[PDB]
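J.: Questions regarding the structure given below will be posed in turn.
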Amino acid sequence: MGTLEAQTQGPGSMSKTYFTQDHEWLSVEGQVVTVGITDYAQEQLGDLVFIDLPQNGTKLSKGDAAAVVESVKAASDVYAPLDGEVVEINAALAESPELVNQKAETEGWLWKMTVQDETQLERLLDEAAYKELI
């Protein structure tokens with residue numbers, strides 16, 4: 001699969017991004033899974049005023065509420081797309097929550113988590129619960 005390629009990071013390798021059923025995305029690079037909300041989601045919410053991120057070291061199960069993204073008109077929980085452990089959060093978002101509006105699917109990522117084996121993600125891709133973002 002293309003997930004193997006992204007995990008291996010051999011020459012000419014490229015990270016793969018997938019979108020979920022709930023306007024979230026995840027990207028795989030090595031064993032690091034980066035998670036954010038989609039461009040669609042940031043547009044639904046309007047200008048973001050606060051981002052509440054998970055604590056580093058948090059053990060997540062698929063579906064756990066992990067973050068909150070908040071505009072004046074609306075708030076939205078962001079759920080873990082896979083089981084794993086939070087290892088990094090996007091420190092830019094404290095001063096610049098609007099980076100999520102500007103670059104939702106790239107620089108406005110919310111957190112990074114480790115997954116040791118991609119069997120769960122492989123299942124969700126095979127089911128087309130999650131789909132490749134092109």
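Ligands are numbered from 1 in the order shown, residues from 1 within each chain, and chains are lettered A, B, ... in the order they appear in the structure tokens.
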Within 6 Å of stretch 63-78 of chain A, counting only C-alpha atoms, which residues show up once you throw out same-chain ones fewer than 6 positions away? Write them as a ChimeraX atom specification, please.
T.: /A:45,47-54
J.: Could you write out the selected residues, including C-alpha atoms, as a tab-separated table (two decimals), in the first residue's frame?
T.:
```tsv
chain	number	residue	atom	x	y	z
A	45	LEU	CA	-16.49	27.51	12.24
A	47	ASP	CA	-12.41	32.79	12.70
A	48	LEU	CA	-10.92	30.65	15.50
A	49	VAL	CA	-10.25	32.45	18.81
A	50	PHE	CA	-8.99	29.54	20.93
A	51	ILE	CA	-7.58	26.05	20.44
A	52	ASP	CA	-7.57	23.65	23.38
A	53	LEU	CA	-4.95	20.94	22.68
A	54	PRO	CA	-4.36	17.57	24.39
```
J.: List the neighbours of residue A:93 out to 8 Å using only C-alpha atoms; skip same-chain residues closer than 4 positions along the sequence, and give me the result as a compact mmCIF listing (two decimals) with C-alpha atoms, in the first residue's frame.
T.:
```
# COMPACT_ATOMS: atom_id res chain seq x y z
CA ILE A 51 -7.58 26.05 20.44
CA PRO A 97 -5.31 30.24 16.54
CA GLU A 98 -6.14 31.71 13.10
CA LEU A 99 -3.34 29.57 11.60
CA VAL A 100 -5.93 26.75 11.67
CA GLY A 108 -2.41 24.49 11.23
```
J.: When you count only C-alpha atoms, which of these residues is closest to residue A:102: A:43, A:3, A:26, A:10?
T.: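 Ranked by minimum distance to residue A:102, first place goes to A:43.
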J.: Find the residues around residue A:28 up to 6 Å (only C-alpha atoms counted), leave out those fewer than 5 positions away in its own chain, and share them as a PyMOL selection string.
T.: chain A and resi 15-16+33
J.: Keeping only N, CA and C atoms, write the selected residues to a file as an mmCIF file, in the first residue's frame.
T.:
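The resulting file, out.cif, is reproduced below:
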```
data_model
loop_
_atom_site.group_PDB
_atom_site.id
_atom_site.type_symbol
_atom_site.label_atom_id
_atom_site.label_comp_id
_atom_site.auth_asym_id
_atom_site.auth_seq_id
_atom_site.Cartn_x
_atom_site.Cartn_y
_atom_site.Cartn_z
ATOM 1 N N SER A 15 4.662 11.705 2.230
ATOM 2 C CA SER A 15 3.646 11.493 3.257
ATOM 3 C C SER A 15 2.279 11.410 2.572
ATOM 4 N N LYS A 16 1.379 10.634 3.174
ATOM 5 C CA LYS A 16 0.026 10.459 2.657
ATOM 6 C C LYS A 16 -0.918 11.075 3.667
ATOM 7 N N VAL A 33 1.898 10.222 13.283
ATOM 8 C CA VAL A 33 0.618 10.579 12.686
ATOM 9 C C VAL A 33 0.266 11.993 13.141
#
```
J.: Would you mind writing down, as a VMD selection string, each residue of stretch 17-129 of chain A that DSSP on the backbone assigns to strand (DSSP E or B)?
T.: chain A and resid 17 to 19 24 to 29 32 to 37 48 to 52 59 to 60 65 to 71 75 to 79 84 to 89 111 to 114
J.: Counting only C-alpha atoms, which residue out of A:121, A:129, A:113, A:60 sits closest to residue A:4?
T.: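 Going through A:121, A:129, A:113, A:60 one by one, the smallest distance to residue A:4 is for A:121.
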J.: Hey, what's within 8 Å of residue A:104 if we count only C-alpha atoms and toss same-chain stuff fewer than 5 positions away? As a ChimeraX atom specification, please?
T.: /A:36-39,42,99,109
J.: Selected residues, N, CA and C atoms, written as a PDB file, in the first residue's frame, please.
T.:
```pdb
ATOM      1  N   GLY A  36      -5.338  17.047  12.174  1.00  0.00           N
ATOM      2  CA  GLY A  36      -5.905  18.400  12.172  1.00  0.00           C
ATOM      3  C   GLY A  36      -7.356  18.383  11.740  1.00  0.00           C
ATOM      4  N   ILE A  37      -7.977  19.561  11.658  1.00  0.00           N
ATOM      5  CA  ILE A  37      -9.328  19.645  11.077  1.00  0.00           C
ATOM      6  C   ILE A  37      -9.147  20.056   9.615  1.00  0.00           C
ATOM      7  N   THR A  38     -10.125  19.733   8.770  1.00  0.00           N
ATOM      8  CA  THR A  38     -10.004  20.020   7.336  1.00  0.00           C
ATOM      9  C   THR A  38     -10.304  21.483   7.039  1.00  0.00           C
ATOM     10  N   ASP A  39      -9.988  21.901   5.816  1.00  0.00           N
ATOM     11  CA  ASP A  39     -10.363  23.236   5.354  1.00  0.00           C
ATOM     12  C   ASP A  39     -11.860  23.438   5.495  1.00  0.00           C
ATOM     13  N   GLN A  42     -12.709  24.303   9.159  1.00  0.00           N
ATOM     14  CA  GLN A  42     -12.355  25.665   9.597  1.00  0.00           C
ATOM     15  C   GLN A  42     -13.332  26.682   8.986  1.00  0.00           C
ATOM     16  N   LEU A  99      -4.136  30.415  12.493  1.00  0.00           N
ATOM     17  CA  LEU A  99      -3.336  29.572  11.596  1.00  0.00           C
ATOM     18  C   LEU A  99      -4.133  28.318  11.153  1.00  0.00           C
ATOM     19  N   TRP A 109      -1.925  22.154  11.699  1.00  0.00           N
ATOM     20  CA  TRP A 109      -2.105  20.867  12.380  1.00  0.00           C
ATOM     21  C   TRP A 109      -2.276  21.057  13.896  1.00  0.00           C
TER      22      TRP A 109
END
```
J.: Mind listing the helix (DSSP H, G or I) residues of chain A, per DSSP on the backbone, as a ChimeraX atom specification?
T.: /A:2-8,39-45,91-93,99-102,119-126
J.: Print the selection's residues with N, CA and C atoms to a file, as a PDB file, in the first residue's frame.
T.:
```
ATOM      1  N   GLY A   2       0.213   2.424  -0.113  1.00  0.00           N
ATOM      2  CA  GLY A   2       0.873   3.732  -0.012  1.00  0.00           C
ATOM      3  C   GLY A   2       1.206   4.129   1.416  1.00  0.00           C
ATOM      4  N   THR A   3       0.515   3.512   2.379  1.00  0.00           N
ATOM      5  CA  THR A   3       0.810   3.728   3.804  1.00  0.00           C
ATOM      6  C   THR A   3       2.197   3.180   4.177  1.00  0.00           C
ATOM      7  N   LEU A   4       2.531   1.987   3.679  1.00  0.00           N
ATOM      8  CA  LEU A   4       3.862   1.394   3.884  1.00  0.00           C
ATOM      9  C   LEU A   4       4.972   2.356   3.440  1.00  0.00           C
ATOM     10  N   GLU A   5       4.863   2.842   2.205  1.00  0.00           N
ATOM     11  CA  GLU A   5       5.784   3.826   1.625  1.00  0.00           C
ATOM     12  C   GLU A   5       6.007   5.034   2.561  1.00  0.00           C
ATOM     13  N   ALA A   6       4.902   5.593   3.061  1.00  0.00           N
ATOM     14  CA  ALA A   6       4.931   6.764   3.944  1.00  0.00           C
ATOM     15  C   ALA A   6       5.599   6.465   5.295  1.00  0.00           C
ATOM     16  N   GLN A   7       5.370   5.256   5.806  1.00  0.00           N
ATOM     17  CA  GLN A   7       5.997   4.781   7.040  1.00  0.00           C
ATOM     18  C   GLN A   7       7.505   4.491   6.875  1.00  0.00           C
ATOM     19  N   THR A   8       7.892   3.949   5.717  1.00  0.00           N
ATOM     20  CA  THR A   8       9.294   3.595   5.449  1.00  0.00           C
ATOM     21  C   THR A   8      10.183   4.820   5.232  1.00  0.00           C
ATOM     22  N   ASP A  39      -9.988  21.901   5.816  1.00  0.00           N
ATOM     23  CA  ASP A  39     -10.363  23.236   5.354  1.00  0.00           C
ATOM     24  C   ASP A  39     -11.860  23.438   5.495  1.00  0.00           C
ATOM     25  N   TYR A  40     -12.617  22.379   5.209  1.00  0.00           N
ATOM     26  CA  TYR A  40     -14.073  22.449   5.310  1.00  0.00           C
ATOM     27  C   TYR A  40     -14.470  22.819   6.731  1.00  0.00           C
ATOM     28  N   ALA A  41     -13.891  22.108   7.693  1.00  0.00           N
ATOM     29  CA  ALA A  41     -14.209  22.342   9.108  1.00  0.00           C
ATOM     30  C   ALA A  41     -13.876  23.783   9.549  1.00  0.00           C
ATOM     31  N   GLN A  42     -12.709  24.303   9.159  1.00  0.00           N
ATOM     32  CA  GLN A  42     -12.355  25.665   9.597  1.00  0.00           C
ATOM     33  C   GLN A  42     -13.332  26.682   8.986  1.00  0.00           C
ATOM     34  N   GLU A  43     -13.758  26.430   7.747  1.00  0.00           N
ATOM     35  CA  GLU A  43     -14.733  27.325   7.092  1.00  0.00           C
ATOM     36  C   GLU A  43     -16.084  27.295   7.797  1.00  0.00           C
ATOM     37  N   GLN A  44     -16.522  26.112   8.231  1.00  0.00           N
ATOM     38  CA  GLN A  44     -17.790  26.001   8.982  1.00  0.00           C
ATOM     39  C   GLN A  44     -17.748  26.842  10.265  1.00  0.00           C
ATOM     40  N   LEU A  45     -16.595  26.868  10.923  1.00  0.00           N
ATOM     41  CA  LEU A  45     -16.493  27.512  12.239  1.00  0.00           C
ATOM     42  C   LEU A  45     -16.278  29.012  12.176  1.00  0.00           C
ATOM     43  N   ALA A  91       2.569  24.321  19.009  1.00  0.00           N
ATOM     44  CA  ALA A  91       2.755  25.431  19.945  1.00  0.00           C
ATOM     45  C   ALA A  91       2.452  26.804  19.346  1.00  0.00           C
ATOM     46  N   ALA A  92       2.401  26.903  18.018  1.00  0.00           N
ATOM     47  CA  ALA A  92       2.091  28.170  17.354  1.00  0.00           C
ATOM     48  C   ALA A  92       0.638  28.608  17.599  1.00  0.00           C
ATOM     49  N   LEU A  93      -0.225  27.642  17.899  1.00  0.00           N
ATOM     50  CA  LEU A  93      -1.664  27.907  17.971  1.00  0.00           C
ATOM     51  C   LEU A  93      -2.127  28.713  19.185  1.00  0.00           C
ATOM     52  N   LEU A  99      -4.136  30.415  12.493  1.00  0.00           N
ATOM     53  CA  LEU A  99      -3.336  29.572  11.596  1.00  0.00           C
ATOM     54  C   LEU A  99      -4.133  28.318  11.153  1.00  0.00           C
ATOM     55  N   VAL A 100      -5.047  27.870  12.013  1.00  0.00           N
ATOM     56  CA  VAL A 100      -5.931  26.748  11.667  1.00  0.00           C
ATOM     57  C   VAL A 100      -6.878  27.158  10.526  1.00  0.00           C
ATOM     58  N   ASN A 101      -7.425  28.376  10.577  1.00  0.00           N
ATOM     59  CA  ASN A 101      -8.225  28.874   9.447  1.00  0.00           C
ATOM     60  C   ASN A 101      -7.412  29.008   8.144  1.00  0.00           C
ATOM     61  N   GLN A 102      -6.189  29.531   8.278  1.00  0.00           N
ATOM     62  CA  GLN A 102      -5.344  29.857   7.114  1.00  0.00           C
ATOM     63  C   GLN A 102      -4.770  28.610   6.459  1.00  0.00           C
ATOM     64  N   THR A 119      -2.163  -1.465  11.686  1.00  0.00           N
ATOM     65  CA  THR A 119      -3.262  -2.393  11.394  1.00  0.00           C
ATOM     66  C   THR A 119      -4.640  -1.704  11.500  1.00  0.00           C
ATOM     67  N   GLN A 120      -4.803  -0.856  12.512  1.00  0.00           N
ATOM     68  CA  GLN A 120      -6.092  -0.188  12.697  1.00  0.00           C
ATOM     69  C   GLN A 120      -6.354   0.777  11.543  1.00  0.00           C
ATOM     70  N   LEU A 121      -5.353   1.589  11.201  1.00  0.00           N
ATOM     71  CA  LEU A 121      -5.494   2.511  10.065  1.00  0.00           C
ATOM     72  C   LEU A 121      -5.726   1.762   8.764  1.00  0.00           C
ATOM     73  N   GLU A 122      -5.001   0.661   8.553  1.00  0.00           N
ATOM     74  CA  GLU A 122      -5.188  -0.163   7.349  1.00  0.00           C
ATOM     75  C   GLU A 122      -6.633  -0.636   7.215  1.00  0.00           C
ATOM     76  N   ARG A 123      -7.225  -1.060   8.328  1.00  0.00           N
ATOM     77  CA  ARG A 123      -8.628  -1.491   8.303  1.00  0.00           C
ATOM     78  C   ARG A 123      -9.573  -0.364   7.851  1.00  0.00           C
ATOM     79  N   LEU A 124      -9.401   0.807   8.452  1.00  0.00           N
ATOM     80  CA  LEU A 124     -10.243   1.962   8.170  1.00  0.00           C
ATOM     81  C   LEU A 124     -10.080   2.411   6.711  1.00  0.00           C
ATOM     82  N   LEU A 125      -8.869   2.295   6.182  1.00  0.00           N
ATOM     83  CA  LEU A 125      -8.647   2.606   4.758  1.00  0.00           C
ATOM     84  C   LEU A 125      -9.295   1.544   3.866  1.00  0.00           C
ATOM     85  N   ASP A 126      -9.146   0.273   4.242  1.00  0.00           N
ATOM     86  CA  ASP A 126      -9.709  -0.817   3.432  1.00  0.00           C
ATOM     87  C   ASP A 126     -11.226  -0.717   3.379  1.00  0.00           C
TER      88      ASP A 126
END
```
